[PDB]
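Structure record follows, encoded as structure tokens.
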Amino acid sequence: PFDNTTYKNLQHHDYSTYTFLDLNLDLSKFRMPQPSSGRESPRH
Amino acid sequence: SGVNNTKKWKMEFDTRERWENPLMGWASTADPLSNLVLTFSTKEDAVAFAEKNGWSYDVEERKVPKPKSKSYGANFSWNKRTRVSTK
């Protein structure tokens, strides 16, 4: 079963416009809570 | 931004009337001291000169800019308002 003769990175032929952001949205549940600077923004 | 014209003390006199010349519209004056500006190393030298010449005077203290605390790193503060939004 050692076939070193085919290209095994064909998945990206089926990627679309929102593939990257859908994965980021999917990943959202696995993240740790973010740290906070103590204010809403540098202009607060 | 150059500061080289703020090194010496100056003595000037009170401004007096200037009027328009009827012929040409030039600025006329009757004040012989209108252009006299004296330079002095120290405030004390300027006062001494004015006293012996009999001139009434006012002294204005020198205005040195105060030292500032400058930090480039402050532009990128994690939790302070000094963080710049642009460069």
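Every chain is numbered from 1 and lettered A, B, ... according to where its sequence line falls, protein lines coming before strand lines. Note: hydrogens, waters and symmetry copies are ignored here, and every other heavy atom, side chains too, is used.
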Would you sort out whether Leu23(A) and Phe20(A) count as a side chain to side chain contact (heavy atoms under 4.5 Å, CB included), showing the intermediate values? CA-CA 5 Å; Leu23(A) 284 157; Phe20(A) 180 83; 5.9 Å; no
inquiry  = Applying side chain to side chain contact (heavy atoms under 4.5 Å, CB included) to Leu10(A) and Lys8(A), what does each step give before you reach the verdict?
reply    = CA-CA 6 Å; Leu10(A) 298 173; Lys8(A) 296 197 175 83; over 6 Å; no
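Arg43(A) places no side-chain N or O within 3.5 Å of a backbone atom of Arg81(B) that could act as its donor or acceptor partner. Panel note: side chain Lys68(B), backbone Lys66(B); a donor-acceptor pair is recorded below 3.5 Å. In terms of modelled atom types and a separation under 3.5 Å, the side chain of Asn21(B) and the main chain of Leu23(B) share a donor-acceptor contact. Judged by distance alone, the side chain of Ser28(A) and the main-chain N or O of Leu25(A) form no donor-acceptor pair under 3.5 Å. Formation of a donor-acceptor pair under 3.5 Å by the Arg18(B) side chain with backbone atoms of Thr29(B) is not found in this model.
One finds the CG atom of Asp22(A) at 11.0 Å from the CG atom of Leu27(A) (value rounded to the nearest 0.5 Å). Atom OG1 of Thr42(B) sits about 10.0 Å away from atom CZ of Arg62(B), to the nearest 0.5 Å. To the nearest 0.5 Å, atom OG1 of residue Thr19(A) and atom CD of residue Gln11(A) are 12.0 Å apart. Taken to the nearest 0.5 Å, the NZ atom of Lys10(B) stands 10.0 Å off from the CZ atom of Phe40(B).
Within a 6.0 Å radius of NZ in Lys63(B), other residues, nucleotides and ligands contribute 12 heavy atoms or fewer. Within 6.0 Å of atom CD in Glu51(B), more than 12 heavy atoms from other residues, nucleotides or ligands are found, so the atom counts as buried in its surroundings. Around atom CZ of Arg16(B), no more than 12 heavy atoms belonging to other residues, nucleotides or ligands sit under 6.0 Å away. Atom CD of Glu20(B) is surrounded by 12 or fewer heavy atoms from other residues, nucleotides or ligands within 6.0 Å. Under a cut-off of 6.0 angstrom, the local environment of CG in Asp3(A) is crowded, with over 12 non-hydrogen atoms contributed by other residues, nucleotides or ligands. Within a 6.0 Å sphere centred on NZ of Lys70(B), heavy atoms belonging to other residues, nucleotides or ligands number 12 at most. In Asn79(B), the CG atom is crowded: over 12 heavy atoms of neighbouring residues, nucleotides or ligands sit closer than 6.0 Å. Heavy-atom contacts from other residues, nucleotides or ligands closer than 6.0 Å to CH2 of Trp19(B) number more than 12.
For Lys43(B), the salt bridge (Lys or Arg N to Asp or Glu O under 4.0 Å) partners at least two apart in sequence or on another chain are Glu61(B). Listed by chain and number, the residues in a side chain to side chain contact (heavy atoms under 4.5 Å, CB included) with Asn4(B) are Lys7(B) (sequence neighbours excluded).
When each of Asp31(B), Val37(B), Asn35(B), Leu36(B) is tested with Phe13(B) by the rule side-chain contact (heavy atoms from CB on, under 4.5 Å), just one qualifies, namely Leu36(B).
Contact record, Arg83(B) with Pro42(A): CD-CG, 3.6 Å, taken as the closest heavy-atom pair. For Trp9(B) against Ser41(B), the heavy-atom pair with the smallest separation is CD1-O, 3.7 Å. In this structure, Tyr57(B) and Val47(B) approach most closely via the heavy-atom pair OH-CG1, 3.3 Å.
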